[PDB]
Amino acid sequence: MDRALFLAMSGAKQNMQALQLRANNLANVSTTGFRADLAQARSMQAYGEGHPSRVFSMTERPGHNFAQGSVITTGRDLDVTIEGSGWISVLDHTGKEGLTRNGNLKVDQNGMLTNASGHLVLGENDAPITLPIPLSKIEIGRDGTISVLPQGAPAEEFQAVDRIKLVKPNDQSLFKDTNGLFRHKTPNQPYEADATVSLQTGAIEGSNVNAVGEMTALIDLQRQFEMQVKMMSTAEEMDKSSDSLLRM
Amino acid sequence: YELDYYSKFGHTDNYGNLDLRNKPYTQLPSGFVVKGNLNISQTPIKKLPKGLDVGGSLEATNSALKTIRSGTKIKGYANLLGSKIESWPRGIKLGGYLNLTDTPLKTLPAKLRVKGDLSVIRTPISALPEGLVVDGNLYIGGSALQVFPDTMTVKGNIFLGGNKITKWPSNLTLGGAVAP
Amino acid sequence: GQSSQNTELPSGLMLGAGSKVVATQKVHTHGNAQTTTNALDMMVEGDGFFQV
Amino acid sequence: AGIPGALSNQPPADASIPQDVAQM
Amino acid sequence: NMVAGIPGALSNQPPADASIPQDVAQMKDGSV
Amino acid sequence: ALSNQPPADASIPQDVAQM
Amino acid sequence: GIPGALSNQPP
Amino acid sequence: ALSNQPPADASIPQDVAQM
Amino acid sequence: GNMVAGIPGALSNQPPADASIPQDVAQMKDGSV
Amino acid sequence: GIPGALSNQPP
């Protein structure tokens with residue numbers, strides 16, 4: 001039949017995919033250090049012989065919202081949030097390094113510093129931070145310097161042991177990977193530490209998802225979705241009527 | 001009246017193409033820069049500003065454009081179909097083809113280089129400039145041209161379109177064919 | 001399941017699967033002291049756990 | 001001819017004049 | 001030569017939407 | 001109208017610069 | 001022969 | 001496709017192992 | 001008397017795990033009786 | 001007849 005049936009179907013299909021991207025945003029409102037995902041549609045025309053009447057649209061992710069997340073003051077010593085722009089460099093389960101903004105850190109039984117996702121926290125030597133096992137008081141600095149008190153030591157024996165690797169690259173050069181870690185679009189790009197990134201210890205950075213912004217985008221995808229499915233029915237209606245040209 | 005900075009913003013797309021179709025603008029500010037393509041079709045604009053820069057292609061089909069001043073930079077093509085241009089200035093940096101079909105064009109710059117196709121279809125031009133170089137297809141159909149210069153260069157096909165050519169260039173190397 | 005390359009194009013569009021609660025973290029912040037007259041109740045100021 | 005602002009279905013090339021449309 | 005492919009919804013899509021298997025899309029040119 | 005050679009297919013690229 | 005076609009016989 | 005031997009009945013089992 | 005038999009329509013065209021046809025009737029599908 | 005056949009007469 002007419003190709004407008006599939007031209008509208010290819011549009012309704014993308015609206016559902018855009019709806020899925022907004023659904024993931026609203027599910028992650030309470031998530032810690034979550035960067036909102038933007039949804040956009042690209043107009044692609046079928047170039048060739050004939051009148052230029054058919055143009056497809058596909059939904060794609062143009063970028064992410066890198067605005068500062070909501071800061072939650074918790075009073076916990078091992079809670080860190082990046083003041084302004086900046087990232088925390090961590091290595092995932094496989095070992096590939098990446099940037100994260102979740103500062104819900106913790107100390108394991110061996111002293112290794114991890115975050116809430118389990119990623120190991122990189123240090124001054126581009127290696128995971130391993131603090132002494134018998135600690136007494138962890139006091140993270142504003143610049144990322146970790147000053148710990150050995151167990152049984154006097155309060156005046158406060159010494160720095162490591163400095164968290166904070167990286168502030170261009171946000172437009174970062175893409176979210178398959179596990180929520182932002183990495184460089186260009187492969188084999190070294191993550192260079194920055195001396196301007198600051199860590200506000202004792203607070204946790206929340207999500208930056210604008211709940212109303214997603215809701216008002218939802219009510220427009222639904223209407224656009226319903227208009228296209230009416231086009232599918234009216235293209236079906238036209239073909240059924242034209243079925244009476246071979247009756248003879 | 002004339003286009004302002006705020007009026008410019010209301011005729012620009014996401015990638016930076018200025019659309020002035022049917023808009024009542026008479027003159028553009030000097031030193032004008034366009035991020036992408038420029039469209040001044042059907043406009044009462046009779047003159048393009050000096051120092052004009054277009055990051056894309058200039059579209060002036062069926063417009064009132066008459067004068068383009070030298071120094072204009074156009075990255076894409078120039079489409080002046082149906083406009084009121086009578087002469088082409090010297091020193092225009094054109095990154096694409098030049099379509100001058102159905103224009104009152106009479107004179108062309110000497111040793112003009114067209115990086116794309118050239119059209120003089122149905123134009124009152126009497127003779128082509130010496131040393132003309134065309135990297136694409138040349139359409140002279142329906143024009144008043146009947147004598148080619150001593151030397152010319154066309155890297156594509158040459159379409160006569162109906163006009164009769166009597167004096168062919170002495171030095172001519174053609175990458176394509178000649179069609180009547 | 002091929003990934004990466006052009007993530008800002010329709011070809012490389014990536015969709016999430018939602019959210020989850022990974023851990024319920026215990027906040028072992030030292031609490032305030034209650035002064036009672038019973039002589040058999042005790043308290044630890046600072047780190048320490050009673051053993052039973 | 002007819003309409004003055006008809007489109008062209010050929011992909012942009014910026015070097016070849018589109019002959020799909022009635023370029024007169 | 002023989003030309004073939006998946007009809008209907010999957011083929012009436014832009015190539016970016018990789019619904020069509022790669023080898024089946026090859027058949028849509030020519031074969032012998 | 002008719003022609004002696006098959007018409008070309010339709011191009012639907014996500015980026016016209018790469019065709 | 002369509003490369004990688006499903007079959008109609010218990011695996 | 002006229003054959004000489006009646007076609008066998010299709011089978012729709014819960015497990016292909018017990019078939 | 002080599003006949004084939006069974007309940008026509010919806011009952012038979014369900015997969016056998018439904019167990020809607022009586023087993024006696026379902027076994028007259030291979031030409032038995 | 002059919003083993004599970006139903007009768008058209010009163011039981």
# chains A, B, ... in the order shown; residues from 1 in each chain; ligands from 1
>>> calpha_fit_rmsd(fixed="chain G", moving="chain J")
0.6 Å
>>> closest_atom_pairs(of="chain D", to="chain F", cutoff="10 Å", atoms="only C-alpha atoms", output="CSV")
residue,atom,partner,partner_atom,distance
D:10,CA,F:11,CA,9.6
D:11,CA,F:16,CA,7.3
D:12,CA,F:16,CA,7.8
D:13,CA,F:17,CA,9.3
>>> write_last_selection(atoms="C-alpha atoms", output="JSON list (two decimals), in the first residue's frame")
[["chain", "number", "residue", "atom", "x", "y", "z"],
["D", 10, "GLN", "CA", 19.07, 15.00, -4.55],
["D", 11, "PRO", "CA", 21.54, 15.00, -1.63],
["D", 12, "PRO", "CA", 23.42, 18.29, -1.18],
["D", 13, "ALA", "CA", 26.68, 18.42, -3.12]]
>>> interface_residues(of="chain C", to="chain A", cutoff="12 Å", atoms="only C-alpha atoms", output="PDB file with C-alpha atoms, in the first residue's frame")
ATOM      1  CA  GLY C   1      25.177  -5.530  21.690  1.00  0.00           C
ATOM      2  CA  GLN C   2      27.846  -3.483  19.924  1.00  0.00           C
ATOM      3  CA  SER C   3      28.532  -0.181  21.677  1.00  0.00           C
ATOM      4  CA  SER C   4      30.528   3.090  21.712  1.00  0.00           C
ATOM      5  CA  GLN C   5      31.517   4.860  18.449  1.00  0.00           C
ATOM      6  CA  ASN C   6      29.005   7.648  17.691  1.00  0.00           C
ATOM      7  CA  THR C   7      26.879   8.010  20.830  1.00  0.00           C
ATOM      8  CA  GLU C   8      25.406  11.355  19.677  1.00  0.00           C
ATOM      9  CA  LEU C   9      23.760   9.836  16.586  1.00  0.00           C
ATOM     10  CA  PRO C  10      20.702   7.604  16.094  1.00  0.00           C
ATOM     11  CA  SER C  11      23.061   4.679  15.439  1.00  0.00           C
ATOM     12  CA  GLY C  12      24.628   4.863  18.899  1.00  0.00           C
ATOM     13  CA  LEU C  13      21.520   5.633  20.940  1.00  0.00           C
ATOM     14  CA  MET C  14      21.650   4.029  24.391  1.00  0.00           C
ATOM     15  CA  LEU C  15      18.620   3.412  26.605  1.00  0.00           C
ATOM     16  CA  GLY C  16      18.640   2.902  30.357  1.00  0.00           C
ATOM     17  CA  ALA C  17      16.881   0.192  32.339  1.00  0.00           C
ATOM     18  CA  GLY C  18      15.701   2.219  35.340  1.00  0.00           C
ATOM     19  CA  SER C  19      17.051   2.390  38.890  1.00  0.00           C
ATOM     20  CA  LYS C  20      17.593   0.182  41.923  1.00  0.00           C
ATOM     21  CA  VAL C  21      18.659   0.275  45.564  1.00  0.00           C
ATOM     22  CA  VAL C  22      22.136  -1.244  45.751  1.00  0.00           C
ATOM     23  CA  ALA C  23      22.846  -1.041  49.488  1.00  0.00           C
ATOM     24  CA  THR C  24      21.187   0.108  52.708  1.00  0.00           C
ATOM     25  CA  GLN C  25      24.155   1.792  54.354  1.00  0.00           C
ATOM     26  CA  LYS C  26      24.338   1.955  58.153  1.00  0.00           C
ATOM     27  CA  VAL C  27      25.370   5.416  59.373  1.00  0.00           C
ATOM     28  CA  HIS C  28      27.405   4.676  62.508  1.00  0.00           C
ATOM     29  CA  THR C  29      27.415   8.252  63.794  1.00  0.00           C
ATOM     30  CA  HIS C  30      27.912   8.497  67.552  1.00  0.00           C
ATOM     31  CA  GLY C  46      33.871   6.597  70.843  1.00  0.00           C
ATOM     32  CA  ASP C  47      34.473   3.441  68.869  1.00  0.00           C
ATOM     33  CA  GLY C  48      33.566   0.133  70.486  1.00  0.00           C
TER      34      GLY C  48
END
>>> residues_around(residues="residue 5 in chain G", least_positions_apart="6", cutoff="12 Å", atoms="only C-alpha atoms", output="VMD selection string")
chain E and resid 6 21 23 to 24
>>> write_last_selection(atoms="C-alpha atoms", output="PDB file, in the first residue's frame")
ATOM      1  CA  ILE E   6      12.634  -8.846   4.773  1.00  0.00           C
ATOM      2  CA  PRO E  21      20.386  -8.462   9.806  1.00  0.00           C
ATOM      3  CA  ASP E  23      23.671 -10.407   5.579  1.00  0.00           C
ATOM      4  CA  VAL E  24      19.989 -10.048   4.654  1.00  0.00           C
TER       5      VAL E  24
END
>>> residues_around(residues="residue 2 in chain I", least_positions_apart="6", cutoff="9 Å", atoms="only C-alpha atoms", output="list in words")
residues 31, 32 and 33 of chain I
>>> decode(residues="range 3-14 of chain F", atoms="N, CA, C and O atoms", output="JSON list (two decimals), in the first residue's frame")
[["chain", "number", "residue", "atom", "x", "y", "z"],
["F", 3, "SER", "N", 12.46, 3.88, -18.39],
["F", 3, "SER", "CA", 13.88, 3.99, -18.65],
["F", 3, "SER", "C", 14.46, 2.61, -18.91],
["F", 3, "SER", "O", 13.85, 1.59, -18.57],
["F", 4, "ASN", "N", 15.64, 2.58, -19.51],
["F", 4, "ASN", "CA", 16.30, 1.34, -19.89],
["F", 4, "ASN", "C", 17.20, 0.78, -18.80],
["F", 4, "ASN", "O", 17.78, -0.29, -18.98],
["F", 5, "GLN", "N", 17.35, 1.48, -17.67],
["F", 5, "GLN", "CA", 18.16, 1.02, -16.57],
["F", 5, "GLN", "C", 17.39, 1.15, -15.26],
["F", 5, "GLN", "O", 16.56, 2.05, -15.12],
["F", 6, "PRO", "N", 17.63, 0.27, -14.29],
["F", 6, "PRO", "CA", 16.91, 0.34, -13.02],
["F", 6, "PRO", "C", 17.18, 1.64, -12.30],
["F", 6, "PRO", "O", 18.32, 2.14, -12.32],
["F", 7, "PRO", "N", 16.17, 2.23, -11.66],
["F", 7, "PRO", "CA", 16.42, 3.41, -10.83],
["F", 7, "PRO", "C", 17.24, 3.05, -9.61],
["F", 7, "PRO", "O", 17.17, 1.93, -9.10],
["F", 8, "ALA", "N", 18.02, 4.02, -9.13],
["F", 8, "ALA", "CA", 18.81, 3.81, -7.93],
["F", 8, "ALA", "C", 17.91, 3.78, -6.70],
["F", 8, "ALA", "O", 16.77, 4.24, -6.72],
["F", 9, "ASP", "N", 18.45, 3.23, -5.62],
["F", 9, "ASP", "CA", 17.70, 3.12, -4.37],
["F", 9, "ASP", "C", 17.66, 4.49, -3.69],
["F", 9, "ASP", "O", 18.13, 5.50, -4.22],
["F", 10, "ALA", "N", 17.08, 4.53, -2.50],
["F", 10, "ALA", "CA", 16.97, 5.76, -1.73],
["F", 10, "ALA", "C", 17.96, 5.74, -0.57],
["F", 10, "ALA", "O", 18.12, 4.72, 0.11],
["F", 11, "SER", "N", 18.61, 6.87, -0.36],
["F", 11, "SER", "CA", 19.61, 7.02, 0.70],
["F", 11, "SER", "C", 18.96, 7.71, 1.89],
["F", 11, "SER", "O", 18.36, 8.78, 1.74],
["F", 12, "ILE", "N", 19.08, 7.10, 3.06],
["F", 12, "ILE", "CA", 18.53, 7.68, 4.28],
["F", 12, "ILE", "C", 19.66, 7.75, 5.31],
["F", 12, "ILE", "O", 19.65, 7.00, 6.29],
["F", 13, "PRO", "N", 20.63, 8.64, 5.13],
["F", 13, "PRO", "CA", 21.77, 8.67, 6.04],
["F", 13, "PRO", "C", 21.49, 9.50, 7.28],
["F", 13, "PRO", "O", 20.74, 10.48, 7.25],
["F", 14, "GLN", "N", 22.10, 9.09, 8.38],
["F", 14, "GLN", "CA", 22.08, 9.87, 9.61],
["F", 14, "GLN", "C", 23.05, 11.04, 9.58],
["F", 14, "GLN", "O", 23.00, 11.89, 10.48]]
